[PDB]
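Reviewing the structure listed below.
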Amino acid sequence: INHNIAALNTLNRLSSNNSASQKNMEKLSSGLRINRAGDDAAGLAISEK
Amino acid sequence: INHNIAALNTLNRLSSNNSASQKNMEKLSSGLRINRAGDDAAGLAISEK
Amino acid sequence: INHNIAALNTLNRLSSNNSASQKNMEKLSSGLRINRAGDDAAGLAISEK
Amino acid sequence: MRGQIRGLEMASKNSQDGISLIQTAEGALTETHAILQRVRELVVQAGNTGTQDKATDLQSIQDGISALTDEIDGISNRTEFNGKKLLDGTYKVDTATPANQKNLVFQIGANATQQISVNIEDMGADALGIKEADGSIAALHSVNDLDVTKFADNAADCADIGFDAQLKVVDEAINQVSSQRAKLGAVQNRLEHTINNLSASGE
Amino acid sequence: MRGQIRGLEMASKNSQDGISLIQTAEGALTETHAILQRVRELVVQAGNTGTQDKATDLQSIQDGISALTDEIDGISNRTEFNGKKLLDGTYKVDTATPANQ
Amino acid sequence: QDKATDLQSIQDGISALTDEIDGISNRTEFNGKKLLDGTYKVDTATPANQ
Amino acid sequence: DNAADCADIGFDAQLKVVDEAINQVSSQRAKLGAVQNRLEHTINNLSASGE
Amino acid sequence: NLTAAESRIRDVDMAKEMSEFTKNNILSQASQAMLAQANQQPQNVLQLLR
Amino acid sequence: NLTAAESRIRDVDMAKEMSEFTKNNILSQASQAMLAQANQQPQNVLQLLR
Amino acid sequence: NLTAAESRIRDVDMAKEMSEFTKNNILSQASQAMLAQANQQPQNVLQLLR
Numbered sequence: 528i529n530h531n532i533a534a535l536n537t538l539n540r541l542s543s544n545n546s547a548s549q550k551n552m553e554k555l556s557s558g559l560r561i562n563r564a565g566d567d568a569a570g571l572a573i574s575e576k
Numbered sequence: 528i529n530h531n532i533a534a535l536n537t538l539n540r541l542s543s544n545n546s547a548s549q550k551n552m553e554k555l556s557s558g559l560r561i562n563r564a565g566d567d568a569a570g571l572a573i574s575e576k
Numbered sequence: 528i529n530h531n532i533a534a535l536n537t538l539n540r541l542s543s544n545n546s547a548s549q550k551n552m553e554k555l556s557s558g559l560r561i562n563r564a565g566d567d568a569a570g571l572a573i574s575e576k
Numbered sequence: 193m194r195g196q197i198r199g200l201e202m203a204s205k206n207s208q209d210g211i212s213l214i215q216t217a218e219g220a221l222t223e224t225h226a227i228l229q230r231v232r233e234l235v236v237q238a239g240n241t242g243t244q245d246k247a248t249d250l251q252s253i254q255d256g257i258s259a260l261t262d263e264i265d266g267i268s269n270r271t272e273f274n275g276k277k278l279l280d281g282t283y284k285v286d287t288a289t290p291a292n293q294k295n296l297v298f299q300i301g302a303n304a305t306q307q308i309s310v311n312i313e314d315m316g317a318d319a320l321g322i323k324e325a326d327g328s329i330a331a332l333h334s335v336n337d338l339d340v341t342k343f344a345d346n347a348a349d350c351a352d353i354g355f356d357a358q359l360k361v362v363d364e365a366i367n368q369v370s371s372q373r374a375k376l377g378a379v380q381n382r383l384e385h386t387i388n389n390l391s392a393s394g395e
Numbered sequence: 003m004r005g006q007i008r009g010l011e012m013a014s015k016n017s018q019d020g021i022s023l024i025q026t027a028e029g030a031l032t033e034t035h036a037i038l039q040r041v042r043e044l045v046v047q048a049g050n051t052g053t054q055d056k057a058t059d060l061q062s063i064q065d066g067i068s069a070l071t072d073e074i075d076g077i078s079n080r081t082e083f084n085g086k087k088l089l090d091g092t093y094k095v096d097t098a099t100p101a102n103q
Numbered sequence: 011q012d013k014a015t016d017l018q019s020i021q022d023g024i025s026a027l028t029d030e031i032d033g034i035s036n037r038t039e040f041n042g043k044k045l046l047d048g049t050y051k052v053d054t055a056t057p058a059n060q
Numbered sequence: 007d008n009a010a011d012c013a014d015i016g017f018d019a020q021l022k023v024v025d026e027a028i029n030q031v032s033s034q035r036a037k038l039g040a041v042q043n044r045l046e047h048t049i050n051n052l053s054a055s056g057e
Numbered sequence: 093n094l095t096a097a098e099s100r101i102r103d104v105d106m107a108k109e110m111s112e113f114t115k116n117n118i119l120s121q122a123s124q125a126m127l128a129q130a131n132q133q134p135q136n137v138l139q140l141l142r
Numbered sequence: 093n094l095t096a097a098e099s100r101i102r103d104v105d106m107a108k109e110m111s112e113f114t115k116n117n118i119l120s121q122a123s124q125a126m127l128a129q130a131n132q133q134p135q136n137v138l139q140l141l142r
Numbered sequence: 093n094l095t096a097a098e099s100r101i102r103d104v105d106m107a108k109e110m111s112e113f114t115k116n117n118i119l120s121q122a123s124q125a126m127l128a129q130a131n132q133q134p135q136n137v138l139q140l141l142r
């Protein structure tokens, strides 16, 4: 089944890890634990206020 | 009996070994000794909690 | 009865074996255990879906 | 012999197909679970940070949670195998009613009756299975997410919204995922050892 | 001589058939054994990790084990030779009863 | 796991196989005598019909 | 509807039909080949006796 | 999981299929050798009964 | 302490798992070589009994 | 955000595409080996039916 094996779970981990490290940078670079996205829009809207 | 010999026990070992190395990767790639499957659902459900 | 002997059962085995090895190739070449033919149209129609 | 051999070949086929179903539902429940982790994060935040968050903040959270609900429901209503909604929480509710079960049978053995009985019962509305869905609590906190402003009224005072019941819904929802995956993986192991038998015995 | 020769040909046949039965049951018992290894893994875990596992955890384990039981029973109730359930545990229980062997 | 249509696909194959078995039993003739006429020599406990 | 539940369609009866159908072929061929052997030994007798 | 499911449907045991391929080659060749022999025997007959 | 507890549950002995990975590669490859040999022997037979 | 949007349109899963590339190489080579075998069988036939 050679043509069916790619360790696709590894590939999924890869996508996950790349986004993960990306997020780390974005927070590091910006100095923001807050998200740009509305994820925790409570805490965001607070800090906005 | 040429048509009956394929070392089918070797073939069974082959299937076993391919799944084995696969599992090794999946844990290595994910960094998870835990299973996705409920095998040791005790330890899983614990780590979930 | 010289004109009546051809080991026709051997000939029938021959036709069978040629088609057999042919099928093996076709699956090997295509990488498909599935049939082109509707033989196991259940499993086929599943994989289609 | 050949009757049984061929039956063992199709047995291996059927069991592998079993596995495919399993791992489908398995990965889906893993993602569900990951959501539920996020949910509990939002529960602890939906402690209102005590009283510090305002009603709008709880509504922002609740928008996020209802969004997550819609995703859980999406899992349970998109996870199909051959059209069979494998996370149809009403697939095999035992009910104490044999007539209504859709028993997830797996005929594997080349011999008659050699079948495996499996149970599906999880879905987005399946959270604290007290017996069934209780009401606003025990299921519909997973669906409707009671932490709107009722929480700010009684952050602890009445259990129904006093943070307690909600966290218990989430905890039990997770526990039901855990046990569902436990059954699921139990059968996974079964089919592993089955196939090993089918292989050796077939040989 | 030929009577014995032919009887030896069918003897070889019968003995090879013996072997086929043997190796059938053999491989089945090997798989059974492998399960039992997994079982003992689940026994040592079903030391509850002492007390650390909870009742639900033990039930998750027990679900797995009862599943394994069903597989062992499946071995012993699927391993047939010519219909003869070769791992019928009641096949040849000596019993101290010749009538039932 | 198979659905009703899948069982019907299988059943189409099997009924096809039936038609082939019937074809065997209704084509296997010797000198016209349908040698696999299943009603050729049904003993029946009736000597008159054998 | 009833993959096992009633034997009539519960996979059991069907597999038993197939198994017995095969067994009836087996025994039919058993009789058939018994007669084959008979005619083998018959012909050997007819040949020797004829000679 | 779904591509794996498909892969199970289309699972080629490539080792099996190469092995079976090999066997069927062998069997074809053997059978043809025997067909040659089937053509050889009646020639021996021809000479011997000339 | 809690993330450490989890880590114990999900503890990957990465060295073990790379090692075992290696082994299982070796074992797969070896077994396939033997499957080739299983296909070679009956060919030798074919020639030798031709 | 816009260059990211484009990037999603032109998103190459480079790992996927290297993997699929690999596979298609394998598959091409395998199929050609089988084409050789397709040319070998009728030669065996030629000798065997000479």
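Protein chains in written order, with my numbering: chain A, 528 to 576; chain B, 528 to 576; chain C, 528 to 576; chain D, 193 to 395; chain E, 3 to 103; chain F, 11 to 60; chain G, 7 to 57; chain H, 93 to 142; chain I, 93 to 142; chain J, 93 to 142. Cβ coordinates follow ideal geometry from the N, Cα and C atoms, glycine included.
Min CB distance B/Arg-560 to chain I below 9 Å: yes
Near the ligand SAM: G/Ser-53 beta-carbon under 8 Å from a heavy atom: Of ligands this structure carries none, so the ligand SAM is not represented either.
Amino acids of chain I, ordered along the chain, whose beta-carbon sits closer than 9 Å to that of H/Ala-122: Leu-138, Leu-141 and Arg-142
B/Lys-550, DSSP secondary structure in three states: helix
Ranges of the alpha helix (DSSP H) found wholly within the stretch 243–282 of chain D, counting only runs of at least 4: 247–268
Stretch-stretch touch, CB-based, cutoff 8 Å, three pairs: the stretch 78–90 of chain E with the stretch 531–543 of chain C: no
Alpha helix (DSSP H) segment containing G/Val-23, residue limits: 18–56
9 Å Cβ cutoff met for E/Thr-26 and E/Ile-77: no
Identity of the residue in D/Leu-296, D/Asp-345 and D/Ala-392 nearest D/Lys-284 by Cα: D/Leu-296
Distance between J/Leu-141 and H/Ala-128 (C-alpha atoms, nearest Å): 7 Å
Contact belief for G/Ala-9 with G/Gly-16 at Cβ below 8 Å, rounded distance in angstroms: 6 Å
Where J/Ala-130 sits in the DSSP three-state scheme: helix
8 Å CB neighbourhood of A/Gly-565 in its chain, flanking five on each side removed: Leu-571
Of the residues D/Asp-265, D/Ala-226, D/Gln-244 and D/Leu-234, the one placed nearest D/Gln-358, counting alpha carbons only: D/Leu-234
Cβ-based contacts, 8 Å cut-off: residues of the stretch 103–115 of chain H near chain I: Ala-107, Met-110, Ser-111, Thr-114 and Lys-115
Within chain D, the residues that G/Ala-27 reaches when beta carbons sit closer than 7 Å: Correct list: empty, because the minimum Cβ distance to chain D is about 11 Å.
Length of the line joining the Cα atoms of B/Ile-561 and D/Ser-258: 30 Å
Beta-carbon gap between D/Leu-279 and D/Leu-221 smaller than 9 Å: yes
Residue from B/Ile-532, B/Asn-529 and B/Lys-550 with nearest C-alpha to I/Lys-108: B/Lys-550
Of the residues D/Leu-250, D/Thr-305 and D/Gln-306, the one placed nearest D/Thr-341, counting alpha carbons only: D/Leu-250
Interface residues of the stretch 29–52 of chain E facing chain D [CB-CB below 8 Å]: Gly-29, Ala-30, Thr-32, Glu-33, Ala-36, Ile-37 and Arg-40
Partners in chain B for D/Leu-376, counting only beta-carbon separations shorter than 9 Å: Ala-564, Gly-565 and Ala-568
Euclidean distance between Cα positions of residue 515 of chain A and A/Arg-563: Missing from the structure shown is residue 515 of chain A; chain A here goes from 528 to 576 and no further.
Residue closest to E/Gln-64, alpha-carbon to alpha-carbon, out of B/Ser-556, B/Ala-568, B/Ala-547 and B/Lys-576: B/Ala-568
Span separating the alpha-carbon of D/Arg-382 from that of G/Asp-14: 28 Å
Test item: CB-CB of A/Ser-546 and J/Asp-105 under 9 Å: no
7 Å Cβ shell around D/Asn-240 - same chain, five flanking residues per side excluded: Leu-250, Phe-343, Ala-344 and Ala-347
Burial state of D/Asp-245 (16 or more Cβ within 10 Å): buried
Option nearest D/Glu-324 by Cα separation, candidates D/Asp-286, D/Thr-305, D/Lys-205 and D/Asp-339: D/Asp-286
Per-residue contacts from J/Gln-133 into chain H (C-beta, under 8 Å): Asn-117 and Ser-120
Neighbour list for I/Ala-96 in chain B, Cβ cutoff strictly below 8 Å: Result: empty, since nearest Cβ-Cβ is about 12 Å, beyond 8 Å.
Alpha carbon of F/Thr-15 to alpha carbon of G/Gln-42, nearest angstrom: 46 Å
Extent of the continuous beta strand (DSSP E) to which D/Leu-296 belongs: 296–299
Contiguous alpha helix (DSSP H) assignments of at least 4 residues, all confined to the stretch 311–342 of chain D: 332–335
Residue-chain proximity (C/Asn-545, chain J), Cβ-Cβ < 9 Å: yes
Cβ-based neighbour list, D/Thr-261, same chain, cut-off 7 Å, excluding 5 preceding and 5 following: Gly-316, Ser-334, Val-335 and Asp-337
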